[PDB]
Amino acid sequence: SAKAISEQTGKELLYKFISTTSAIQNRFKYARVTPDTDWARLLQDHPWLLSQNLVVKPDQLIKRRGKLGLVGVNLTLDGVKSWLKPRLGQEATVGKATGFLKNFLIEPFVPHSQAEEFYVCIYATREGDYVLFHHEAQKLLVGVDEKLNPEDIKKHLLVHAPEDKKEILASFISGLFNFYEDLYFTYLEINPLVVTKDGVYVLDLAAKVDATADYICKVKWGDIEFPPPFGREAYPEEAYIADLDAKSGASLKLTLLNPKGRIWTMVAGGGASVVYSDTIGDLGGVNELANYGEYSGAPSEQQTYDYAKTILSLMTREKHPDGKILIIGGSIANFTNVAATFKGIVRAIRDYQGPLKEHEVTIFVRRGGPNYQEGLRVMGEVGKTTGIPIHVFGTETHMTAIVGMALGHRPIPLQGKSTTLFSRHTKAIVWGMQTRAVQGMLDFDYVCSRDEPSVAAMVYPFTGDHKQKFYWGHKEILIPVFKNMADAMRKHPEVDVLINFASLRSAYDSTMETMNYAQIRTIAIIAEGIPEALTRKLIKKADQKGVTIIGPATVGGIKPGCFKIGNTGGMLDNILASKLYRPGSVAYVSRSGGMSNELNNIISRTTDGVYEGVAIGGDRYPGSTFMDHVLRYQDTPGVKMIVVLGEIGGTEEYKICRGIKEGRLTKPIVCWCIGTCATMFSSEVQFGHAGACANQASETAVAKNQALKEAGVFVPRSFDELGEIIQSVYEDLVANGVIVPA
């Protein structure tokens, strides 16, 4: 996800790495002040503080500090100390948010005139990075993998600028853009840039970097800090979890909202965790909600133990009169092992059992997934042996039902790429060492009564060629593994799908390499954590070649009767339970992988069942969008209704609205956009999925659910009535003859 950095951090990167050819002034002339500052050392380290007038302001991701009057301008050093004296340590109000002014920046005062002030901004979109310039806006798009033409700067951005400043402005803008790409920024605004006879001064800097690029930018970023939004604090336990996430193929996230709240969550999945938070917010619990976070991607027992013990420690610092509740939730997992993770949580609960009884904690559990029956048994076990109240619920209880149980009372003390991607004839190559996931596909293929396994070969460049044993029914079979992708392709021209399990570090090159083989028309990219600038380049090549990308950061998708991507839908018992071995009439698309297995469950209980599901993944720029898949479903005869599970952030869902108005979409669509709680928070909350950042009022789930409903989409009041509305629509289509069940 993209994360904001402080003005000081941004300026420090700029002073270290922007090309010296632009005439940057006051390089490294800044001084950080916090309550514990040693002013003597400060004057030693920054002797220019004693020899010129100064500007001082807080550096805590407050915007428009000037018009709020949080800027002391043209002061001597003692004028700065007096200016700080009634302000440092004191709380201020900015928007809905209130916090302490704890971090200030002193820089030199730069005399200038209005005419020497300029505005520059660079920001990322799917189609490239825009550059904005304004004297006192001109706009230029640098396309994905293109260069900034310094004569487009002069001819398009600087058309109204004084001719005597154009050459230094163009040099600065060129240098700023190279600086922006190389350090993986996604947003960079300088307002004002001051240009005088003596060179360029950077008076204000706001910026965001793609934090997933750390393995690329380590050296230059150094020990980079990502401040919380104004009105929250940073917590050592958040960094611990961040540290565990860095050491994990799995995803592990934690944000503390109100450490004193009595509602705590430990929910699996980035989607489900937002849905539980939504439900909590609809029942008035938001002010008591202590955290947001999630785990997913199959963490080990030990990782889950370490995550869980962090939560239990945080919830046993002080007592609440009414006790506290721990919501241990999630969807029906595709891939995460419920036994191993819940054994981790159980070990954490035992190790914290004294503090949990003392703080009057009630625990509510709802989970499904692989091995979920053992998991739920050991969960109920530790409740019996510790005497802590633990109320355990499985797949036949609705995902979010434990929330109302727990909160209802205090416990008693342009042409599309392709319409059809998969069929009963699909043959795939799997990139990676992924025996278990491949066996899970062959199991699906067998119970789907396919004539042939869906996996024809595998590629893994870190071993030599060999054959790998799998079971086909109960027969042993062999599947070739190739060191070289070239060998796998020329020996399997029948193959048209590649499922890429490469790690995030190797995913870009392995996917670009696949796209040199025109025989491959669909690629599933599993890995989470690919830098967005790299995904944009994957998107550009795939669009040039006509290749459908599903992912990144997804489990994939499933087509009952025909084909499933990797770990989608999980083990045999969930495939049978949710009847995913044969088709029904309902097609769906979600960002979230975990929630798509919940849709599998919900749709199978309320309809003839799933016809096709896709999870487009959580990243900011998915390889294929909601609309792409909804178009396929509109043009697919066997689909009779469409279910979209949307999400706060971006404006994709409004294309559905337009498709309806234009007459392009005509089957019945059901849609729910998750993230409605985000508006109830006093500070923005970055959810699990990289995409889930709302940049304007229209990107909120609430606005999207409203626009969708006005355009004739069927929208439930909340997620926990989605299953109801899906049922009723199906029933009308049965009553109208459109669907004829078996």
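In this text, residue numbers run from 1 along the sequence as written.
Where coordinates are absent for parts of the deposited sequence, a chain break appears; between neighbours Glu358 and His359 there is no such break. According to the entry, the deposited sequence places 10 or more unmodelled residues between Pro413 and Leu414. Mean C-alpha B-factor is higher over 318 to 326 than over the other stretch, the pair under comparison being 318 to 326 and 254 to 262.
Higher mean CA B-factor, judged across 7 to 15 and 21 to 29 from the recorded values: 21 to 29. In the deposited coordinates, the residue among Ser423, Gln634, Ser300, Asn371 with the greatest CA B-factor is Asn371. For the set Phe393, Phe563, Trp221, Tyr446, the PDB entry puts the maximum C-alpha B factor at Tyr446. Ranked by Cα temperature factor within the chain, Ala711 sits in the middle third according to the deposited record.
Ranked against the other modelled residues of its chain, the C-alpha B-factor of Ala533 as given in the entry falls in the lowest third.
Split the chain's modelled residues into thirds by C-alpha temperature factor. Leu722 is in the middle one. The entry lists a Cα temperature factor for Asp306 that places it in the lowest third of the chain's modelled residues.
Split the chain's modelled residues into thirds by C-alpha temperature factor. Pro86 is in the highest one.
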